[PDB]
Amino acid sequence: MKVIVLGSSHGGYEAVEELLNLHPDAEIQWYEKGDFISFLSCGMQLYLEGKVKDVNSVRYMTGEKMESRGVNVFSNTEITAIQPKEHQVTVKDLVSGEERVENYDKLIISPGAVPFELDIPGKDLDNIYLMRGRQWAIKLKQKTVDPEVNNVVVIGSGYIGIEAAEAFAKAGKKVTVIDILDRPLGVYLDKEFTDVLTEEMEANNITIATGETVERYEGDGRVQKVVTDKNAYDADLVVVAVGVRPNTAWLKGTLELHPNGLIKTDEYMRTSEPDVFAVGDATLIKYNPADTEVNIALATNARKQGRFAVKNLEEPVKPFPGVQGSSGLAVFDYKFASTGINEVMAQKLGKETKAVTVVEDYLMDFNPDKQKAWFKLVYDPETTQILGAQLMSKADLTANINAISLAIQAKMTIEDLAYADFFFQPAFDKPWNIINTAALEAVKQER
Ligand SMILES: Cc1cc2nc3c(=O)[nH]c(=O)nc-3n(C[C@H](O)[C@H](O)[C@H](O)COP(=O)(O)OP(=O)(O)OC[C@H]3O[C@@H](n4cnc5c(N)ncnc54)[C@H](O)[C@@H]3O)c2cc1C
Ligand SMILES: NC(=O)c1ccc[n+]([C@@H]2O[C@H](COP(=O)([O-])OP(=O)(O)OC[C@H]3O[C@@H](n4cnc5c(N)ncnc54)[C@H](O)[C@@H]3O)[C@@H](O)[C@H]2O)c1
């Protein structure tokens, strides 16, 4: 059986791992058009703040290691096209120019996403940077110590935007963050969490310019101004972190795509064409909070999907169990995490929800180590089933979001969580811990 896997990032890497322990026998070929196998873009923040010195160590596999295992790795080799009927791909060696056609029995593709750019006048004067992959990591690092860079503008206040904003603010620059939405991180967190994080960011001289539409970049040769409908901001560097678009235009006509470019797949990772599976940022995933499919471009999703595509390689035998959209991040002193439905997700999906927010010290009164924690529990008004949660504190309480993710998946209710057995010891929590306390509040509100 010869299996060709496209992509060395998180979806293609786990497909090779599951092929190694489920079909040890197979002939596996692993292709990467880039020069570096399995660079972890997720570690970009740790590197930019100097926690990690070596950019080449921010990775989880090397080609040499996979080759010890019998996989054939082809870096600097691009898959140009798929011929689904004749079970062939045409590959181009990017260092010599040599094209060749390679045959396969099964193809798993994890082509990923690419940074979306604003296509406006000024579109590319120099020093308008993107944030994905090794090369942009190195270039962004160089600008961190550049004495000529004083004003940084980042466009987009979602996860990548707020990570570029914190790394440049910590390096000493003046940062302005621009978004069309009205709250930084609104996609992930609700108003009661983002009001506290706006304060923290402004305390570290980050200006949040929300509710603004960038119209053009101005400058001679390199960027100098970012002008929006309401304002112009001086900029020596712009980082554009406005979201991701699927890397699938080369597949138009070959595989069925949704209108937005995402690949159509079913719950066994099968595409519209026999023997080719698709995984990762370029696909939709079963979203259990709302029993629908959603694009949730996260590494955890891509890794799980990549393994489930190998499970259904020969027979659709194992449907994907679905995910709740869990994500977390530290912004300056705050460590937060959310899962399931928040206000922006419920609006998008037309889901009506109820919520309680509890803000109080997570340790008992006499304990001097006590700090505030914010916990919001979102539930269904009819069944009172758990639909999502958001938590934040300067203490790390984020592993608790993992218990809520299981509670959404098992369809538990506010009453289940009000009395669920979570340990008490006064150096770690209160006798009704953070999940128990918010669920007890929801029970009273529905009494
Ligand atoms: C700054 C940053 C921080 C992030 N942090 C986190 C985090 O902490 N937690 C989290 O869960 N997620 C995080 N993510 C998201 C996560 O990195 C992605 O969800 C995940 O990498 C997507 O996996 P993928 O395999 O679908 O695609 P991609 O990572 O986009 O990888 C696509 C790969 O396939 C290769 N390829 C594409 N086309 C071809 C071709 N035709 N021929 C050959 N090779 C090809 C590409 O060169 C690339 O190597 C972050 C992303 C970024 C940019
Ligand atoms: N901690 C994590 O798990 C982690 C960290 C970084 C990235 N990732 C994932 O990688 C993906 C890409 O991250 P991202 O930060 O690029 O996207 P994102 O979706 O998190 O946020 C994009 C932001 O851009 C804003 N925006 C859109 N168009 C705009 C415009 N024209 N002008 C101004 N603002 C605009 C959006 O409103 C949103 O706030 C996401 O799926 C993200 O969740 C996750």
# chains A, B, ... in the order shown; residues from 1 in each chain; ligands from 1

call {"tool": "residues_near_ligand", "arguments": {"ligand": "ligand 1", "cutoff": "6 Å", "atoms": "only C-alpha atoms and all ligand atoms", "output": "ChimeraX atom specification"}}
result
/A:6-12,31-34,41-42,44,78-80,110-113,131-132,160,280-281,297-300,302

call {"tool": "write_last_selection", "arguments": {"atoms": "N, CA and C atoms", "output": "compact mmCIF listing (two decimals), in the first residue's frame"}}
result
# COMPACT_ATOMS: atom_id res chain seq x y z
N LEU A 6 0.52 14.91 2.21
CA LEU A 6 0.97 16.24 1.85
C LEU A 6 0.97 17.12 3.11
N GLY A 7 2.12 17.74 3.45
CA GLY A 7 2.20 18.73 4.51
C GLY A 7 2.96 18.24 5.70
N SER A 8 3.90 18.99 6.27
CA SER A 8 4.61 18.48 7.45
C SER A 8 4.15 19.24 8.71
N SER A 9 3.05 19.98 8.65
CA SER A 9 2.62 20.69 9.81
C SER A 9 1.71 19.76 10.58
N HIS A 10 0.84 20.24 11.46
CA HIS A 10 0.17 19.37 12.42
C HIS A 10 -0.76 18.30 11.88
N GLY A 11 -1.54 18.55 10.82
CA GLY A 11 -2.38 17.48 10.28
C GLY A 11 -1.57 16.43 9.53
N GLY A 12 -0.68 16.78 8.60
CA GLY A 12 0.12 15.80 7.89
C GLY A 12 1.07 15.03 8.81
N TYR A 31 5.49 14.79 1.92
CA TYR A 31 5.95 15.91 1.12
C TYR A 31 5.85 17.27 1.82
N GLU A 32 6.82 18.18 1.65
CA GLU A 32 6.76 19.51 2.23
C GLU A 32 7.42 20.42 1.22
N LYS A 33 6.72 21.39 0.65
CA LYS A 33 7.30 22.36 -0.29
C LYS A 33 8.27 23.35 0.34
N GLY A 34 8.18 23.50 1.65
CA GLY A 34 9.05 24.39 2.37
C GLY A 34 10.32 23.65 2.64
N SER A 41 4.70 26.96 14.38
CA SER A 41 4.37 28.35 14.48
C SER A 41 3.76 28.76 15.81
N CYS A 42 3.20 27.81 16.57
CA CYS A 42 2.59 28.02 17.89
C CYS A 42 3.57 28.50 18.96
N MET A 44 5.95 30.66 18.32
CA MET A 44 6.50 31.92 17.81
C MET A 44 6.57 32.96 18.93
N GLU A 78 7.04 20.30 -4.04
CA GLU A 78 5.68 20.75 -3.94
C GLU A 78 4.73 19.83 -4.69
N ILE A 79 3.51 19.53 -4.20
CA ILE A 79 2.55 18.78 -4.96
C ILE A 79 1.76 19.86 -5.65
N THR A 80 1.95 19.84 -6.93
CA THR A 80 1.35 20.79 -7.87
C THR A 80 -0.10 20.52 -8.22
N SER A 110 -3.00 17.71 3.87
CA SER A 110 -3.21 18.69 4.91
C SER A 110 -2.58 19.98 4.44
N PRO A 111 -3.15 20.64 3.41
CA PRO A 111 -2.55 21.79 2.75
C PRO A 111 -2.55 23.07 3.58
N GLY A 112 -3.28 23.14 4.68
CA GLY A 112 -3.26 24.30 5.52
C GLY A 112 -3.86 25.59 5.01
N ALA A 113 -3.51 26.67 5.71
CA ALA A 113 -4.07 27.98 5.48
C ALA A 113 -2.90 28.92 5.30
N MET A 131 2.43 36.77 10.09
CA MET A 131 3.01 36.01 11.17
C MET A 131 2.68 34.54 11.01
N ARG A 132 3.43 33.76 10.25
CA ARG A 132 3.20 32.33 10.17
C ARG A 132 4.49 31.73 9.65
N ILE A 160 -3.28 35.79 17.13
CA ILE A 160 -2.00 36.19 16.57
C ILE A 160 -1.78 37.68 16.79
N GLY A 280 -7.20 19.22 8.76
CA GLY A 280 -6.58 20.46 9.15
C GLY A 280 -7.31 21.76 8.94
N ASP A 281 -6.54 22.86 8.82
CA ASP A 281 -7.10 24.18 8.67
C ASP A 281 -7.93 24.37 7.43
N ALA A 297 -9.69 26.54 13.14
CA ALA A 297 -8.31 26.39 12.73
C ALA A 297 -7.36 26.28 13.91
N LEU A 298 -7.28 25.11 14.55
CA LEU A 298 -6.44 24.91 15.71
C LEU A 298 -5.60 23.69 15.48
N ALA A 299 -4.43 23.63 16.11
CA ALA A 299 -3.54 22.53 15.97
C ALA A 299 -4.10 21.23 16.50
N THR A 300 -4.83 21.27 17.62
CA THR A 300 -5.38 20.09 18.24
C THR A 300 -6.36 19.40 17.29
N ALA A 302 -6.49 19.59 13.89
CA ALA A 302 -5.73 19.04 12.79
C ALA A 302 -5.00 17.77 13.14

call {"tool": "select_by_dssp", "arguments": {"residues": "stretch 42-81 of chain A", "states": "strand (DSSP E or B)", "output": "PyMOL selection string"}}
result
chain A and resi 59+72-75+77-81

call {"tool": "residues_near_ligand", "arguments": {"ligand": "ligand 2", "cutoff": "7 Å", "atoms": "only C-alpha atoms and all ligand atoms", "output": "ChimeraX atom specification"}}
result
/A:42,115,118,155-161,178-181,184-187,213-214,241-244,296-298,327-329

call {"tool": "residues_around", "arguments": {"residues": "residue A:373", "least_positions_apart": "3", "cutoff": "10 Å", "atoms": "only C-alpha atoms", "output": "number ranges by chain"}}
result
A: 334, 336, 358-363, 370, 391-397, 434

call {"tool": "write_last_selection", "arguments": {"atoms": "C-alpha atoms", "output": "PDB file, in the first residue's frame"}}
result
ATOM      1  CA  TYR A 334      -3.645  36.917  32.791  1.00  0.00           C
ATOM      2  CA  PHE A 336      -7.368  32.482  30.250  1.00  0.00           C
ATOM      3  CA  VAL A 358     -18.749  34.590  38.981  1.00  0.00           C
ATOM      4  CA  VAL A 359     -15.809  36.869  39.841  1.00  0.00           C
ATOM      5  CA  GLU A 360     -14.251  36.134  43.278  1.00  0.00           C
ATOM      6  CA  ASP A 361     -11.110  34.890  45.019  1.00  0.00           C
ATOM      7  CA  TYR A 362     -10.442  31.295  44.199  1.00  0.00           C
ATOM      8  CA  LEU A 363      -8.912  30.516  47.611  1.00  0.00           C
ATOM      9  CA  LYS A 370      -5.693  34.293  47.302  1.00  0.00           C
ATOM     10  CA  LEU A 391     -12.148  31.494  32.738  1.00  0.00           C
ATOM     11  CA  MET A 392      -9.385  33.970  33.598  1.00  0.00           C
ATOM     12  CA  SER A 393      -7.095  34.689  36.553  1.00  0.00           C
ATOM     13  CA  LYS A 394      -3.460  35.670  37.108  1.00  0.00           C
ATOM     14  CA  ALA A 395      -3.170  32.307  38.829  1.00  0.00           C
ATOM     15  CA  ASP A 396      -3.151  29.450  36.289  1.00  0.00           C
ATOM     16  CA  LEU A 397      -6.606  27.799  36.680  1.00  0.00           C
ATOM     17  CA  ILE A 434     -14.529  27.367  40.544  1.00  0.00           C
TER      18      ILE A 434
END

call {"tool": "residues_around", "arguments": {"residues": "residue A:422", "least_positions_apart": "4", "cutoff": "10 Å", "atoms": "only C-alpha atoms", "output": "compact mmCIF listing (two decimals) with N, CA and C atoms, in the first residue's frame"}}
result
# COMPACT_ATOMS: atom_id res chain seq x y z
N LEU A 417 -22.94 19.63 37.35
CA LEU A 417 -21.72 20.30 37.68
C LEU A 417 -21.85 20.94 39.03
N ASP A 429 -7.93 25.42 46.34
CA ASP A 429 -9.26 25.91 45.97
C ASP A 429 -10.16 26.07 47.17
N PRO A 431 -14.06 25.01 49.11
CA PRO A 431 -14.77 23.73 49.22
C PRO A 431 -15.74 23.52 48.04
N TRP A 432 -16.34 24.54 47.43
CA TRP A 432 -17.06 24.40 46.17
C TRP A 432 -16.08 25.12 45.24
N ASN A 433 -15.41 24.39 44.36
CA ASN A 433 -14.38 25.01 43.54
C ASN A 433 -14.93 25.91 42.47
N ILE A 434 -14.08 26.42 41.58
CA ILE A 434 -14.53 27.37 40.54
C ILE A 434 -15.68 26.86 39.63
N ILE A 435 -15.70 25.59 39.18
CA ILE A 435 -16.79 25.07 38.36
C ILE A 435 -18.06 24.88 39.22
N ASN A 436 -17.92 24.35 40.44
CA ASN A 436 -19.06 24.13 41.31
C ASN A 436 -19.73 25.43 41.62

call {"tool": "closest_residue", "arguments": {"among": "A:403, A:290, A:330, A:279", "to": "residue A:347", "atoms": "only C-alpha atoms"}}
result
A:290

call {"tool": "residues_around", "arguments": {"residues": "residue A:409", "least_positions_apart": "5", "cutoff": "10 Å", "atoms": "only C-alpha atoms", "output": "PyMOL selection string"}}
result
chain A and resi 287-289+321-324+340+386-387+404

call {"tool": "residues_around", "arguments": {"residues": "residue A:152", "least_positions_apart": "4", "cutoff": "8 Å", "atoms": "only C-alpha atoms", "output": "list in words"}}
result
residues 168, 173, 174, 175, 176, 235, 236, 237, 238 and 239 of chain A

call {"tool": "select_by_dssp", "arguments": {"residues": "stretch 65-216 of chain A", "states": "helix (DSSP H, G or I)", "output": "JSON, numbers by chain"}}
result
{"A": [65, 66, 67, 68, 133, 134, 135, 136, 137, 138, 139, 140, 141, 142, 143, 144, 159, 160, 161, 162, 163, 164, 165, 166, 167, 168, 169, 170, 191, 192, 193, 194, 195, 196, 197, 198, 199, 200, 201, 202, 203]}

call {"tool": "closest_residue", "arguments": {"among": "A:382, A:108, A:331, A:43", "to": "residue A:353", "atoms": "only C-alpha atoms"}}
result
A:382

call {"tool": "closest_residue", "arguments": {"among": "A:227, A:295, A:423, A:274", "to": "residue A:258", "atoms": "only C-alpha atoms"}}
result
A:295

call {"tool": "atom_distance", "arguments": {"atom1": "atom CA of residue A:277", "atom2": "atom CA of residue A:102"}}
result
17.0 Å

call {"tool": "residues_around", "arguments": {"residues": "residue A:268", "least_positions_apart": "5", "cutoff": "10 Å", "atoms": "only C-alpha atoms", "output": "VMD selection string"}}
result
chain A and resid 277 to 278 305 308 to 313 315 to 320

call {"tool": "closest_residue", "arguments": {"among": "A:261, A:229, A:420, A:437", "to": "residue A:211", "atoms": "only C-alpha atoms"}}
result
A:229

call {"tool": "atom_distance", "arguments": {"atom1": "atom CA of residue A:283", "atom2": "atom CA of residue A:253"}}
result
16.7 Å

call {"tool": "closest_residue", "arguments": {"among": "A:314, A:380, A:199, A:124", "to": "residue A:354", "atoms": "only C-alpha atoms"}}
result
A:380

call {"tool": "closest_residue", "arguments": {"among": "A:301, A:57, A:371, A:272", "to": "residue A:134", "atoms": "only C-alpha atoms"}}
result
A:57

call {"tool": "atom_distance", "arguments": {"atom1": "atom CA of residue A:343", "atom2": "atom CA of residue A:190"}}
result
6.2 Å
